[PDB]
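Enquirer: File final26.pdb follows (PDB, C-alpha atoms):
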```pdb
ATOM      1  CA  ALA A 651       0.000   0.000   0.000  1.00  0.00           C
ATOM      2  CA  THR A 652       2.830   2.416   0.810  1.00  0.00           C
ATOM      3  CA  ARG A 653       4.500   1.645  -2.524  1.00  0.00           C
ATOM      4  CA  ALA A 654       1.246   2.111  -4.453  1.00  0.00           C
ATOM      5  CA  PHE A 655       0.364   5.294  -2.523  1.00  0.00           C
ATOM      6  CA  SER A 656       3.579   7.282  -3.062  1.00  0.00           C
ATOM      7  CA  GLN A 657       2.393   8.045  -6.614  1.00  0.00           C
ATOM      8  CA  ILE A 658      -0.724   9.873  -5.367  1.00  0.00           C
ATOM      9  CA  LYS A 659      -0.404  13.608  -5.968  1.00  0.00           C
ATOM     10  CA  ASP A 660      -1.527  16.367  -3.591  1.00  0.00           C
ATOM     11  CA  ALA A 661      -1.435  13.960  -0.636  1.00  0.00           C
ATOM     12  CA  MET A 662       1.042  12.515   1.867  1.00  0.00           C
ATOM     13  CA  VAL A 663      -0.480   9.120   2.683  1.00  0.00           C
ATOM     14  CA  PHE A 664       1.072   6.304   4.715  1.00  0.00           C
ATOM     15  CA  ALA A 665      -0.024   2.904   5.998  1.00  0.00           C
ATOM     16  CA  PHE A 666       1.238   1.025   9.039  1.00  0.00           C
ATOM     17  CA  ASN A 667       0.426  -1.643  11.611  1.00  0.00           C
ATOM     18  CA  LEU A 668      -0.816  -1.075  15.139  1.00  0.00           C
ATOM     19  CA  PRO A 669       1.742  -1.658  17.921  1.00  0.00           C
ATOM     20  CA  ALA A 670       1.774  -4.796  20.038  1.00  0.00           C
ATOM     21  CA  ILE A 671      -0.255  -3.162  22.834  1.00  0.00           C
ATOM     22  CA  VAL A 672      -2.392  -0.202  21.732  1.00  0.00           C
ATOM     23  CA  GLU A 673      -2.599   1.579  25.063  1.00  0.00           C
ATOM     24  CA  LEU A 674       0.731   3.471  25.103  1.00  0.00           C
ATOM     25  CA  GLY A 675       3.055   4.718  22.400  1.00  0.00           C
ATOM     26  CA  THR A 676       5.652   2.616  20.640  1.00  0.00           C
ATOM     27  CA  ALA A 677       8.700   1.957  22.819  1.00  0.00           C
ATOM     28  CA  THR A 678      11.079   2.780  19.936  1.00  0.00           C
ATOM     29  CA  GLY A 679      12.922   6.094  19.892  1.00  0.00           C
ATOM     30  CA  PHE A 680      12.820   9.077  22.214  1.00  0.00           C
ATOM     31  CA  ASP A 681      10.225  11.796  22.848  1.00  0.00           C
ATOM     32  CA  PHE A 682      12.075  15.106  23.100  1.00  0.00           C
ATOM     33  CA  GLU A 683      10.257  18.247  24.243  1.00  0.00           C
ATOM     34  CA  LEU A 684      11.616  21.749  23.711  1.00  0.00           C
ATOM     35  CA  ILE A 685      10.237  24.098  26.366  1.00  0.00           C
ATOM     36  CA  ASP A 686      10.002  27.885  26.608  1.00  0.00           C
ATOM     37  CA  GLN A 687      11.107  28.995  30.086  1.00  0.00           C
ATOM     38  CA  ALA A 688      11.446  32.745  29.462  1.00  0.00           C
ATOM     39  CA  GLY A 689       8.398  33.856  27.445  1.00  0.00           C
ATOM     40  CA  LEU A 690      10.029  34.037  24.023  1.00  0.00           C
ATOM     41  CA  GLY A 691       6.798  33.254  22.164  1.00  0.00           C
ATOM     42  CA  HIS A 692       5.700  30.884  19.435  1.00  0.00           C
ATOM     43  CA  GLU A 693       7.884  32.371  16.686  1.00  0.00           C
ATOM     44  CA  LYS A 694      11.123  32.040  18.657  1.00  0.00           C
ATOM     45  CA  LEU A 695      10.169  28.525  19.757  1.00  0.00           C
ATOM     46  CA  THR A 696       9.555  27.449  16.153  1.00  0.00           C
ATOM     47  CA  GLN A 697      12.846  29.035  15.079  1.00  0.00           C
ATOM     48  CA  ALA A 698      14.701  27.167  17.834  1.00  0.00           C
ATOM     49  CA  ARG A 699      13.016  23.893  16.859  1.00  0.00           C
ATOM     50  CA  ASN A 700      14.048  24.410  13.231  1.00  0.00           C
TER
ATOM     51  CA  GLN B  36      13.212   8.373  -9.269  1.00  0.00           C
ATOM     52  CA  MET B  37      11.453  11.551 -10.400  1.00  0.00           C
ATOM     53  CA  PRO B  38       8.521  13.282  -8.663  1.00  0.00           C
ATOM     54  CA  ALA B  39       5.586  14.497 -10.736  1.00  0.00           C
ATOM     55  CA  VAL B  40       3.215  17.417 -10.165  1.00  0.00           C
ATOM     56  CA  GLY B  41       0.001  18.655 -11.739  1.00  0.00           C
ATOM     57  CA  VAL B  42       0.297  22.058 -13.392  1.00  0.00           C
ATOM     58  CA  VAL B  43      -2.189  24.524 -14.892  1.00  0.00           C
ATOM     59  CA  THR B  44      -1.431  26.813 -17.830  1.00  0.00           C
ATOM     60  CA  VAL B  45      -2.226  30.505 -17.364  1.00  0.00           C
ATOM     61  CA  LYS B  46      -3.897  32.760 -19.931  1.00  0.00           C
ATOM     62  CA  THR B  47      -5.627  36.126 -19.671  1.00  0.00           C
ATOM     63  CA  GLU B  48      -9.423  36.095 -19.794  1.00  0.00           C
ATOM     64  CA  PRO B  49     -11.944  38.955 -19.838  1.00  0.00           C
ATOM     65  CA  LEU B  50     -14.507  39.172 -17.032  1.00  0.00           C
TER
END
```
Do you think you could lay out the structure here as structure tokens?

Expert:
Amino acid sequence: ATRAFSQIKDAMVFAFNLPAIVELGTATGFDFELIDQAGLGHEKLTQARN
Amino acid sequence: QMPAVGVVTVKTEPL
């Protein structure tokens, strides 16, 4: 499905399988969170994330 | 590979 869906224009479409236990997120990788602790705003936060 | 996009030609029209 992913191979046959990459040719669809004007759409980013993916297909995948549910994890082993669908009650918490997948245990692969890390979940980083950038945090504003001074009141910079949304623009500065997006710039820092980029 | 080579990505493909859908394009539209532009021409002046009177309205």

Enquirer: So the first atom is atom CA of residue 681 of chain A and the second is atom CA of residue 661 of chain A; what is the distance between them in Å, to one decimal place?

Expert: 26.3 Å

Enquirer: Would you translate the ChimeraX specification (/A :<12) & /B into the concrete set of residues it matches in this file, as a ChimeraX atom specification?

Expert: /B:36-42

Enquirer: Provide an axis-aligned box for all listed atoms of segment 656-667 of chain A, padding each side by 4 Å; report its centre and its edge lengths in Å to one decimal, as lines of an AutoDock Vina configuration file.

Expert:
```
center_x = 1.0
center_y = 7.4
center_z = 2.5
size_x = 13.1
size_y = 26.0
size_z = 26.2
```
